[PDB]
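[1] Quick check, what structure comes out for this input:
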Amino acid sequence: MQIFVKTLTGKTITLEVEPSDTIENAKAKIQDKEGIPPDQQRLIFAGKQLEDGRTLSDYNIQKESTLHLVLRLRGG
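    Residues are numbered from 1 along each chain as shown. Next up is the structure itself:
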C-alpha cells in the first residue's frame, strides 16, 4: 500500500506505511526526503484543529489517500 502527500508547491510525494506503524514514521520519512523538521511539518487529513489527544492514525487513513502537508513556522 501507499499514500500521497500534497504540499503547498503542488508536487505530490509518495509515502509507504503499514497498519502497524504509527504516523510518526511517516513524518520522519518526509523529513529525510524534503529535509523539513517535524516541528515545521503538519500532516492534516480531516482538519481536527488542536485535538484533545487524538492522532491522525486514529482516522484509520486509507490507501491512495491524499495527505495535506502544512508548514508551520518558516526559517527563510
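[2] In terms of helices and strands, where is residue 13?
    Per DSSP states H and E: residue 13 is located in strand 12-15.
[3] How about residues contacting that strand?
    Counting by C-beta atoms under 8 Å, 6 or more residues apart in numbering, the neighbours of strand 12-15 from elsewhere in the structure are 2-7, 26, 29-30, 33-34, 66-67, 69. (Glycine included, C-beta is placed from N, CA and C.)
[4] where does the most centrally placed residue in the chain fall, phi/psi-wise?
    By C-alpha atoms, centre = their mean, the chain has its centre lying nearest to residue 43, at 3.3 Å. When read as degrees, to the nearest 10, the backbone of residue 43 gives phi -90, psi 120.
[5] mind listing the strands in the protein by residue range?
    3-6, 12-15, 42-44, 66-70 (DSSP state E).
[6] just so I know, which of those strands lies nearest residue 60?
    Ranking the strands of the chain by proximity to residue 60 (C-beta to C-beta) places strand 3-6 first, at 12.2 Å.
[7] circling back to that earlier point, just the buried ones from the contacts of strand 12-15?
    With neighbours counted by 16 or more other C-beta atoms under 10 Å, the contacts of strand 12-15 contain buried members at 3, 5, 7, 26, 30, 67, 69.
[8] would you turn those residues into TSV with distance to residue 57?
    Below are these laid out as TSV (distance: C-beta to C-beta, whole Å):
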residue	distance to residue 57
3	12
5	15
7	21
26	9
30	15
67	12
69	16
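[9] Understood, closing this out.
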